[PDB]
$ cat input-v1.cif   # mmCIF, N, CA and C atoms
data_coords
loop_
_atom_site.label_atom_id
_atom_site.label_comp_id
_atom_site.auth_asym_id
_atom_site.auth_seq_id
_atom_site.Cartn_x
_atom_site.Cartn_y
_atom_site.Cartn_z
N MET B 1 -32.89 18.14 -28.68
CA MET B 1 -32.26 18.50 -27.41
C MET B 1 -31.21 19.59 -27.61
N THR B 2 -31.56 20.60 -28.39
CA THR B 2 -30.70 21.76 -28.55
C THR B 2 -31.31 22.95 -27.80
N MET B 3 -31.11 22.96 -26.48
CA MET B 3 -31.69 23.98 -25.62
C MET B 3 -31.26 25.39 -26.01
N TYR B 4 -32.25 26.25 -26.21
CA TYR B 4 -32.03 27.68 -26.45
C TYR B 4 -32.19 28.44 -25.15
N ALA B 5 -32.43 29.74 -25.23
CA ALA B 5 -32.66 30.53 -24.02
C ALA B 5 -34.10 30.39 -23.54
N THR B 6 -35.05 30.72 -24.41
CA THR B 6 -36.47 30.75 -24.03
C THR B 6 -37.38 30.43 -25.22
N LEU B 7 -38.69 30.39 -24.96
CA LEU B 7 -39.70 30.22 -26.01
C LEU B 7 -39.65 31.39 -26.99
N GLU B 8 -39.62 32.60 -26.45
CA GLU B 8 -39.56 33.81 -27.27
C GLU B 8 -38.25 33.90 -28.06
N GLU B 9 -37.22 33.27 -27.52
CA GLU B 9 -35.88 33.35 -28.09
C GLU B 9 -35.70 32.47 -29.33
N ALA B 10 -36.03 31.19 -29.20
CA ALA B 10 -35.65 30.20 -30.20
C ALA B 10 -36.18 30.52 -31.59
N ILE B 11 -37.38 31.07 -31.66
CA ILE B 11 -37.99 31.42 -32.94
C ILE B 11 -37.14 32.46 -33.66
N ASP B 12 -36.70 33.47 -32.92
CA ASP B 12 -35.87 34.54 -33.48
C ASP B 12 -34.45 34.05 -33.75
N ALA B 13 -33.96 33.19 -32.88
CA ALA B 13 -32.61 32.66 -33.03
C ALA B 13 -32.52 31.70 -34.21
N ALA B 14 -33.55 30.90 -34.42
CA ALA B 14 -33.53 29.88 -35.46
C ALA B 14 -33.48 30.53 -36.84
N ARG B 15 -34.31 31.54 -37.03
CA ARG B 15 -34.30 32.31 -38.27
C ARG B 15 -32.96 33.03 -38.42
N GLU B 16 -32.45 33.55 -37.31
CA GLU B 16 -31.21 34.33 -37.31
C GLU B 16 -30.00 33.46 -37.63
N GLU B 17 -29.87 32.34 -36.93
CA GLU B 17 -28.73 31.44 -37.12
C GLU B 17 -28.69 30.91 -38.54
N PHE B 18 -29.86 30.68 -39.12
CA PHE B 18 -29.95 30.21 -40.49
C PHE B 18 -29.36 31.26 -41.43
N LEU B 19 -29.86 32.49 -41.33
CA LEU B 19 -29.35 33.60 -42.14
C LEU B 19 -27.87 33.84 -41.87
N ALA B 20 -27.45 33.56 -40.65
CA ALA B 20 -26.06 33.75 -40.26
C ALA B 20 -25.12 32.87 -41.08
N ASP B 21 -25.65 31.77 -41.60
CA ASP B 21 -24.84 30.84 -42.37
C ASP B 21 -24.92 31.16 -43.86
N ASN B 22 -26.02 31.80 -44.26
CA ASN B 22 -26.30 32.07 -45.66
C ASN B 22 -27.39 33.13 -45.80
N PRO B 23 -27.01 34.41 -45.80
CA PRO B 23 -27.95 35.52 -45.93
C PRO B 23 -28.68 35.53 -47.27
N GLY B 24 -29.97 35.81 -47.23
CA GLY B 24 -30.74 35.94 -48.46
C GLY B 24 -31.58 34.71 -48.75
N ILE B 25 -31.47 33.71 -47.89
CA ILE B 25 -32.19 32.46 -48.09
C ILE B 25 -33.67 32.59 -47.72
N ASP B 26 -34.02 33.69 -47.07
CA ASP B 26 -35.43 34.00 -46.80
C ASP B 26 -36.19 34.16 -48.13
N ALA B 27 -37.35 34.80 -48.11
CA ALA B 27 -38.19 34.94 -49.31
C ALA B 27 -37.43 35.58 -50.47
N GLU B 28 -36.25 36.10 -50.18
CA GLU B 28 -35.38 36.70 -51.17
C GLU B 28 -34.94 35.66 -52.21
N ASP B 29 -34.49 34.50 -51.74
CA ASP B 29 -33.98 33.47 -52.65
C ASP B 29 -34.74 32.15 -52.52
N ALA B 30 -34.97 31.70 -51.30
CA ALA B 30 -35.64 30.42 -51.08
C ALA B 30 -36.98 30.61 -50.38
N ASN B 31 -37.96 29.80 -50.76
CA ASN B 31 -39.27 29.87 -50.13
C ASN B 31 -39.29 29.06 -48.84
N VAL B 32 -38.75 29.64 -47.79
CA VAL B 32 -38.65 28.96 -46.51
C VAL B 32 -39.96 29.02 -45.76
N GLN B 33 -40.95 28.27 -46.20
CA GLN B 33 -42.19 28.23 -45.45
C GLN B 33 -42.23 26.95 -44.64
N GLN B 34 -42.10 27.10 -43.34
CA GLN B 34 -42.38 26.03 -42.40
C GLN B 34 -42.30 26.57 -40.99
N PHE B 35 -43.12 26.06 -40.10
CA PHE B 35 -42.90 26.29 -38.69
C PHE B 35 -42.70 24.96 -38.00
N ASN B 36 -41.47 24.73 -37.57
CA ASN B 36 -41.11 23.50 -36.87
C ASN B 36 -40.52 23.84 -35.51
N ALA B 37 -41.01 23.19 -34.47
CA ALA B 37 -40.48 23.40 -33.14
C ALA B 37 -40.61 22.15 -32.28
N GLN B 38 -39.56 21.83 -31.54
CA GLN B 38 -39.59 20.71 -30.59
C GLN B 38 -38.68 20.99 -29.41
N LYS B 39 -39.01 20.44 -28.26
CA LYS B 39 -38.23 20.66 -27.06
C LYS B 39 -38.42 19.52 -26.07
N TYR B 40 -37.33 18.91 -25.65
CA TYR B 40 -37.41 17.82 -24.69
C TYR B 40 -36.50 18.10 -23.50
N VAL B 41 -37.13 18.34 -22.36
CA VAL B 41 -36.44 18.59 -21.10
C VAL B 41 -37.28 18.03 -19.95
N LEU B 42 -36.63 17.76 -18.83
CA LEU B 42 -37.29 17.19 -17.65
C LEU B 42 -38.33 18.14 -17.04
N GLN B 43 -38.94 17.67 -15.94
CA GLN B 43 -40.16 18.26 -15.36
C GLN B 43 -40.06 19.76 -15.11
N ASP B 44 -38.85 20.27 -14.92
CA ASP B 44 -38.67 21.67 -14.54
C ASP B 44 -39.11 22.57 -15.68
N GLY B 45 -39.12 21.99 -16.87
CA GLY B 45 -39.71 22.63 -18.01
C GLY B 45 -38.75 23.52 -18.76
N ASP B 46 -37.67 23.92 -18.07
CA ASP B 46 -36.61 24.79 -18.61
C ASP B 46 -37.08 25.52 -19.84
N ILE B 47 -37.74 26.65 -19.66
CA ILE B 47 -38.39 27.29 -20.78
C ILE B 47 -37.39 27.68 -21.85
N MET B 48 -37.28 26.79 -22.81
CA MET B 48 -36.56 26.97 -24.04
C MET B 48 -37.14 25.96 -25.01
N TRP B 49 -36.69 25.97 -26.26
CA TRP B 49 -37.15 24.98 -27.22
C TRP B 49 -36.35 25.13 -28.52
N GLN B 50 -36.53 24.19 -29.44
CA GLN B 50 -35.84 24.26 -30.72
C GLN B 50 -36.81 24.63 -31.83
N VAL B 51 -36.33 25.39 -32.80
CA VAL B 51 -37.14 25.80 -33.93
C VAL B 51 -36.39 25.53 -35.23
N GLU B 52 -37.11 25.04 -36.23
CA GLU B 52 -36.53 24.65 -37.51
C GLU B 52 -37.40 25.09 -38.67
N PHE B 53 -36.81 25.12 -39.86
CA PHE B 53 -37.50 25.53 -41.07
C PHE B 53 -37.03 24.66 -42.25
N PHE B 54 -37.86 24.55 -43.28
CA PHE B 54 -37.41 24.00 -44.56
C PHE B 54 -37.97 24.84 -45.71
N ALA B 55 -37.44 24.64 -46.91
CA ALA B 55 -37.70 25.55 -48.03
C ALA B 55 -38.76 25.03 -48.99
N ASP B 56 -39.46 23.98 -48.61
CA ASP B 56 -40.61 23.56 -49.40
C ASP B 56 -41.74 23.15 -48.47
N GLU B 57 -42.78 23.97 -48.42
CA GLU B 57 -43.90 23.75 -47.52
C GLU B 57 -44.52 22.37 -47.74
N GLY B 58 -44.53 21.56 -46.69
CA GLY B 58 -45.11 20.24 -46.81
C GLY B 58 -44.06 19.15 -46.71
N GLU B 59 -42.80 19.55 -46.69
CA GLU B 59 -41.70 18.62 -46.45
C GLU B 59 -41.69 18.19 -44.98
N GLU B 60 -40.55 17.77 -44.47
CA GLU B 60 -40.51 17.24 -43.11
C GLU B 60 -39.40 17.85 -42.26
N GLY B 61 -39.80 18.35 -41.11
CA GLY B 61 -38.85 18.76 -40.10
C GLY B 61 -39.00 17.89 -38.87
N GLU B 62 -37.92 17.69 -38.12
CA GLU B 62 -37.96 16.79 -36.96
C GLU B 62 -38.61 17.46 -35.75
N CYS B 63 -39.72 18.13 -35.99
CA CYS B 63 -40.36 18.92 -34.95
C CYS B 63 -41.87 18.88 -35.11
N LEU B 64 -42.55 19.76 -34.39
CA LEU B 64 -43.98 19.93 -34.52
C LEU B 64 -44.29 20.88 -35.69
N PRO B 65 -44.85 20.34 -36.78
CA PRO B 65 -45.30 21.14 -37.92
C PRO B 65 -46.58 21.90 -37.59
N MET B 66 -46.49 23.22 -37.55
CA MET B 66 -47.65 24.04 -37.23
C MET B 66 -48.10 24.86 -38.43
N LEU B 67 -47.21 25.70 -38.92
CA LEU B 67 -47.53 26.63 -39.96
C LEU B 67 -46.79 26.25 -41.24
N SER B 68 -47.44 26.42 -42.37
CA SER B 68 -46.82 26.13 -43.64
C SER B 68 -47.36 27.09 -44.70
N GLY B 69 -46.45 27.84 -45.30
CA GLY B 69 -46.84 28.85 -46.26
C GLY B 69 -46.14 30.15 -45.98
N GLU B 70 -46.60 31.22 -46.61
CA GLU B 70 -45.93 32.51 -46.52
C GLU B 70 -45.87 33.03 -45.08
N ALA B 71 -46.77 32.55 -44.21
CA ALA B 71 -46.79 33.02 -42.84
C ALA B 71 -45.61 32.44 -42.08
N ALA B 72 -45.30 31.18 -42.37
CA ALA B 72 -44.14 30.52 -41.80
C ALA B 72 -42.85 31.11 -42.37
N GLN B 73 -42.91 31.56 -43.61
CA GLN B 73 -41.78 32.21 -44.25
C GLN B 73 -41.52 33.58 -43.62
N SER B 74 -42.58 34.29 -43.30
CA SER B 74 -42.43 35.56 -42.60
C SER B 74 -41.88 35.32 -41.20
N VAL B 75 -42.14 34.13 -40.66
CA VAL B 75 -41.51 33.69 -39.42
C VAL B 75 -39.99 33.61 -39.60
N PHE B 76 -39.55 33.14 -40.77
CA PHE B 76 -38.13 33.08 -41.10
C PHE B 76 -37.58 34.50 -41.24
N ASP B 77 -38.40 35.37 -41.83
CA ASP B 77 -38.05 36.79 -41.98
C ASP B 77 -37.98 37.48 -40.62
N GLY B 78 -38.79 37.00 -39.68
CA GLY B 78 -38.80 37.57 -38.35
C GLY B 78 -40.06 38.35 -38.06
N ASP B 79 -40.89 38.52 -39.07
CA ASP B 79 -42.15 39.23 -38.91
C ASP B 79 -43.25 38.26 -38.50
N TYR B 80 -43.29 37.94 -37.22
CA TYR B 80 -44.29 37.02 -36.70
C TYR B 80 -44.78 37.49 -35.33
N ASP B 81 -45.98 37.09 -34.97
CA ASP B 81 -46.52 37.41 -33.66
C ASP B 81 -46.20 36.31 -32.67
N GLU B 82 -45.10 36.47 -31.94
CA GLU B 82 -44.71 35.48 -30.94
C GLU B 82 -45.79 35.36 -29.87
N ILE B 83 -46.45 36.48 -29.58
CA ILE B 83 -47.50 36.52 -28.58
C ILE B 83 -48.67 35.64 -28.98
N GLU B 84 -48.81 35.42 -30.28
CA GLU B 84 -49.87 34.57 -30.80
C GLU B 84 -49.47 33.11 -30.68
N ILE B 85 -48.33 32.76 -31.27
CA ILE B 85 -47.91 31.37 -31.36
C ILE B 85 -47.51 30.79 -30.01
N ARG B 86 -46.90 31.60 -29.15
CA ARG B 86 -46.48 31.12 -27.84
C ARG B 86 -47.67 30.85 -26.93
N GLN B 87 -48.64 31.74 -26.96
CA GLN B 87 -49.78 31.66 -26.05
C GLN B 87 -50.73 30.54 -26.45
N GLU B 88 -50.64 30.09 -27.69
CA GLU B 88 -51.39 28.92 -28.11
C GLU B 88 -50.45 27.82 -28.58
N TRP B 89 -49.21 27.87 -28.09
CA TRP B 89 -48.22 26.87 -28.45
C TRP B 89 -48.61 25.51 -27.90
N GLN B 90 -48.39 24.50 -28.72
CA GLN B 90 -48.88 23.16 -28.46
C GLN B 90 -47.89 22.34 -27.65
N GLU B 91 -48.37 21.77 -26.56
CA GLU B 91 -47.54 20.96 -25.66
C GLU B 91 -47.19 19.61 -26.29
N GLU B 92 -47.50 19.47 -27.57
CA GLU B 92 -47.25 18.24 -28.31
C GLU B 92 -45.76 17.93 -28.37
N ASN B 93 -44.94 18.95 -28.57
CA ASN B 93 -43.51 18.76 -28.70
C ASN B 93 -42.78 19.51 -27.61
N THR B 94 -43.55 20.21 -26.81
CA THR B 94 -43.07 20.78 -25.56
C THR B 94 -42.76 19.67 -24.58
N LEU B 95 -42.15 20.01 -23.48
CA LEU B 95 -41.55 19.03 -22.60
C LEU B 95 -42.58 18.35 -21.71
N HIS B 96 -42.08 17.36 -20.99
CA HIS B 96 -42.91 16.47 -20.18
C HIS B 96 -42.67 16.68 -18.69
N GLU B 97 -43.76 16.70 -17.94
CA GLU B 97 -43.68 16.82 -16.50
C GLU B 97 -43.84 15.45 -15.86
N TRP B 98 -42.79 15.00 -15.19
CA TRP B 98 -42.77 13.67 -14.59
C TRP B 98 -43.51 13.66 -13.27
N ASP B 99 -43.51 12.50 -12.62
CA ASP B 99 -44.05 12.37 -11.28
C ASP B 99 -42.97 11.76 -10.39
N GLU B 100 -43.28 11.58 -9.12
CA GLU B 100 -42.30 11.13 -8.14
C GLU B 100 -42.17 9.61 -8.16
N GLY B 101 -42.05 9.05 -9.36
CA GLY B 101 -41.96 7.61 -9.50
C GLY B 101 -43.31 6.93 -9.36
N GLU B 102 -44.32 7.72 -9.02
CA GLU B 102 -45.67 7.22 -8.80
C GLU B 102 -46.30 6.75 -10.10
N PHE B 103 -45.98 7.44 -11.18
CA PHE B 103 -46.53 7.12 -12.48
C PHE B 103 -45.40 6.86 -13.46
N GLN B 104 -45.58 5.87 -14.32
CA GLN B 104 -44.53 5.47 -15.24
C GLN B 104 -44.65 6.22 -16.56
N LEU B 105 -43.54 6.80 -16.99
CA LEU B 105 -43.52 7.65 -18.17
C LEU B 105 -42.48 7.18 -19.19
N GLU B 106 -42.40 7.92 -20.29
CA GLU B 106 -41.50 7.62 -21.40
C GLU B 106 -40.02 7.55 -20.98
N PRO B 107 -39.12 7.14 -21.90
CA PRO B 107 -37.67 7.16 -21.69
C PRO B 107 -37.13 8.49 -21.12
N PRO B 108 -35.85 8.50 -20.68
CA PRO B 108 -35.19 9.64 -20.01
C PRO B 108 -35.55 11.03 -20.56
N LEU B 109 -35.29 12.03 -19.72
CA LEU B 109 -35.81 13.39 -19.89
C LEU B 109 -35.52 13.96 -21.27
N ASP B 110 -34.29 13.81 -21.71
CA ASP B 110 -33.86 14.33 -22.99
C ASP B 110 -33.32 13.23 -23.91
N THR B 111 -32.07 12.86 -23.70
CA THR B 111 -31.42 11.81 -24.46
C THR B 111 -29.99 11.60 -23.97
N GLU B 112 -29.42 12.62 -23.32
CA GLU B 112 -28.09 12.50 -22.75
C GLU B 112 -28.16 11.72 -21.44
N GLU B 113 -29.38 11.55 -20.95
CA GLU B 113 -29.64 10.76 -19.76
C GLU B 113 -29.82 9.28 -20.13
N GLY B 114 -29.17 8.87 -21.21
CA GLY B 114 -29.14 7.46 -21.57
C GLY B 114 -29.93 7.14 -22.82
N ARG B 115 -31.19 7.57 -22.84
CA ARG B 115 -32.12 7.27 -23.94
C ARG B 115 -32.34 5.76 -24.06
N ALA B 116 -33.47 5.30 -23.52
CA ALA B 116 -33.82 3.88 -23.51
C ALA B 116 -32.75 3.05 -22.80
N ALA B 117 -32.14 3.64 -21.78
CA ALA B 117 -31.12 2.96 -21.00
C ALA B 117 -31.20 3.40 -19.54
N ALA B 118 -32.38 3.87 -19.15
CA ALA B 118 -32.61 4.40 -17.81
C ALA B 118 -34.07 4.80 -17.65
N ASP B 119 -34.51 4.94 -16.41
CA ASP B 119 -35.86 5.39 -16.11
C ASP B 119 -35.80 6.50 -15.07
N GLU B 120 -35.54 7.71 -15.54
CA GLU B 120 -35.31 8.85 -14.66
C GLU B 120 -36.60 9.66 -14.48
N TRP B 121 -36.93 9.97 -13.23
CA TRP B 121 -38.13 10.74 -12.93
C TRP B 121 -37.74 12.09 -12.36
N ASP B 122 -38.72 12.79 -11.79
CA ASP B 122 -38.46 14.04 -11.08
C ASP B 122 -39.19 14.03 -9.75
N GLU B 123 -38.49 13.64 -8.70
CA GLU B 123 -39.07 13.61 -7.37
C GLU B 123 -38.70 14.88 -6.61
N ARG B 124 -39.55 15.88 -6.73
CA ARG B 124 -39.35 17.15 -6.05
C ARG B 124 -40.66 17.92 -5.96
#

$ encode --input "input-v1.cif" --output "structure tokens"
Amino acid sequence: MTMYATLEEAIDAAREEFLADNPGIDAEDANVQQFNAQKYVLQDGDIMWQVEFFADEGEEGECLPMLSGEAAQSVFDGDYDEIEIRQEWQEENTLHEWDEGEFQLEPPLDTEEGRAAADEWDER
């Protein structure tokens, strides 16, 4: 539940913020091969999402594991086709569209809405 600006944004921001804390951790020093992304928001979809990386391909990120290897590392570098990954981006960790109470769905929209302490829908 770390909302960024947009789908196109978070990928560039995640690589950027990481380097912002420690420059050179890309293929220069660490083998950061991973593509991790997750986003939880209510029905409106609020086009944003979270992106994460780790430095050993095959480890675990708290997101949707898509790419692993030098291609995911180039994602850390910033050399990636967002037009490719976004247009075939998987709704697996993308957000959920509720109903008007007509259908029963998972716990609250994100987690600040209680998390297993409420049943919030989107009636609109």

$ residues_around --input "input-v1.cif" --residues "residue 109 (chain B)" --least-positions-apart "2" --cutoff "7 Å" --atoms "only C-alpha atoms" --output "PyMOL selection string"
chain B and resi 40-42+107+111+113+120

$ atom_distance --input "input-v1.cif" --atom1 "atom N of residue 67 (chain B)" --atom2 "atom N of residue 110 (chain B)"
24.6 Å

$ resolve_selection --input "input-v1.cif" --expression "the PyMOL selection byres ((chain B and resi 16-27) around 8)" --output "MDAnalysis selection string"
chainID B and resid 10:15 28:33 73:78

$ atom_distance --input "input-v1.cif" --atom1 "CA of residue 89 (chain B)" --atom2 "CA of residue 72 (chain B)"
14.4 Å

$ atom_distance --input "input-v1.cif" --atom1 "CA of residue 64 (chain B)" --atom2 "CA of residue 108 (chain B)"
19.8 Å

$ closest_residue --input "input-v1.cif" --among "B:122, B:9, B:102, B:82" --to "residue 51 (chain B)" --atoms "only N, CA and C atoms"
B:9

$ select_by_dssp --input "input-v1.cif" --residues "chain B" --states "helix (DSSP H, G or I)" --output "PyMOL selection string"
chain B and resi 7-21+70-77+82-87

$ resolve_selection --input "input-v1.cif" --expression "the PyMOL selection byres (((chain B and resi 93 and name CA) around 8) and name CA)" --output "ChimeraX atom specification"
/B:37-40,63-64,90-92,94-95

$ residues_around --input "input-v1.cif" --residues "residue 53 (chain B)" --least-positions-apart "2" --cutoff "6 Å" --atoms "all atoms listed in the file" --output "PyMOL selection string"
chain B and resi 34-36+51+55

$ closest_residue --input "input-v1.cif" --among "B:68, B:50, B:43, B:2" --to "residue 97 (chain B)" --atoms "only N, CA and C atoms"
B:43

$ build_atoms --input "input-v1.cif" --residues "region 3-17 of chain B" --atoms "N, CA, C and O atoms" --output "CSV table (one decimal), keeping the file's coordinate frame"
chain,number,residue,atom,x,y,z
B,3,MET,N,-31.1,23.0,-26.5
B,3,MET,CA,-31.7,24.0,-25.6
B,3,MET,C,-31.3,25.4,-26.0
B,3,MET,O,-30.1,25.7,-26.1
B,4,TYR,N,-32.2,26.2,-26.2
B,4,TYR,CA,-32.0,27.7,-26.4
B,4,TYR,C,-32.2,28.4,-25.2
B,4,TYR,O,-32.1,27.9,-24.1
B,5,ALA,N,-32.4,29.7,-25.2
B,5,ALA,CA,-32.7,30.5,-24.0
B,5,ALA,C,-34.1,30.4,-23.5
B,5,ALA,O,-34.3,30.0,-22.4
B,6,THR,N,-35.0,30.7,-24.4
B,6,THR,CA,-36.5,30.8,-24.0
B,6,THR,C,-37.4,30.4,-25.2
B,6,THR,O,-36.9,30.2,-26.3
B,7,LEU,N,-38.7,30.4,-25.0
B,7,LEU,CA,-39.7,30.2,-26.0
B,7,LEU,C,-39.6,31.4,-27.0
B,7,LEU,O,-39.6,31.2,-28.2
B,8,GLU,N,-39.6,32.6,-26.4
B,8,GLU,CA,-39.6,33.8,-27.3
B,8,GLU,C,-38.2,33.9,-28.1
B,8,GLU,O,-38.2,34.5,-29.1
B,9,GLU,N,-37.2,33.3,-27.5
B,9,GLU,CA,-35.9,33.4,-28.1
B,9,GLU,C,-35.7,32.5,-29.3
B,9,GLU,O,-35.3,33.0,-30.4
B,10,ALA,N,-36.0,31.2,-29.2
B,10,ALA,CA,-35.6,30.2,-30.2
B,10,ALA,C,-36.2,30.5,-31.6
B,10,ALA,O,-35.5,30.3,-32.6
B,11,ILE,N,-37.4,31.1,-31.7
B,11,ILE,CA,-38.0,31.4,-32.9
B,11,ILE,C,-37.1,32.5,-33.7
B,11,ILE,O,-36.9,32.3,-34.9
B,12,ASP,N,-36.7,33.5,-32.9
B,12,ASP,CA,-35.9,34.5,-33.5
B,12,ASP,C,-34.4,34.0,-33.8
B,12,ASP,O,-33.8,34.4,-34.7
B,13,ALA,N,-34.0,33.2,-32.9
B,13,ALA,CA,-32.6,32.7,-33.0
B,13,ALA,C,-32.5,31.7,-34.2
B,13,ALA,O,-31.5,31.7,-34.9
B,14,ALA,N,-33.6,30.9,-34.4
B,14,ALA,CA,-33.5,29.9,-35.5
B,14,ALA,C,-33.5,30.5,-36.8
B,14,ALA,O,-32.7,30.1,-37.7
B,15,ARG,N,-34.3,31.5,-37.0
B,15,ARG,CA,-34.3,32.3,-38.3
B,15,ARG,C,-33.0,33.0,-38.4
B,15,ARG,O,-32.4,33.1,-39.5
B,16,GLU,N,-32.4,33.6,-37.3
B,16,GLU,CA,-31.2,34.3,-37.3
B,16,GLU,C,-30.0,33.5,-37.6
B,16,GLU,O,-29.2,33.8,-38.5
B,17,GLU,N,-29.9,32.3,-36.9
B,17,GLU,CA,-28.7,31.4,-37.1
B,17,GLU,C,-28.7,30.9,-38.5
B,17,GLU,O,-27.6,30.7,-39.1
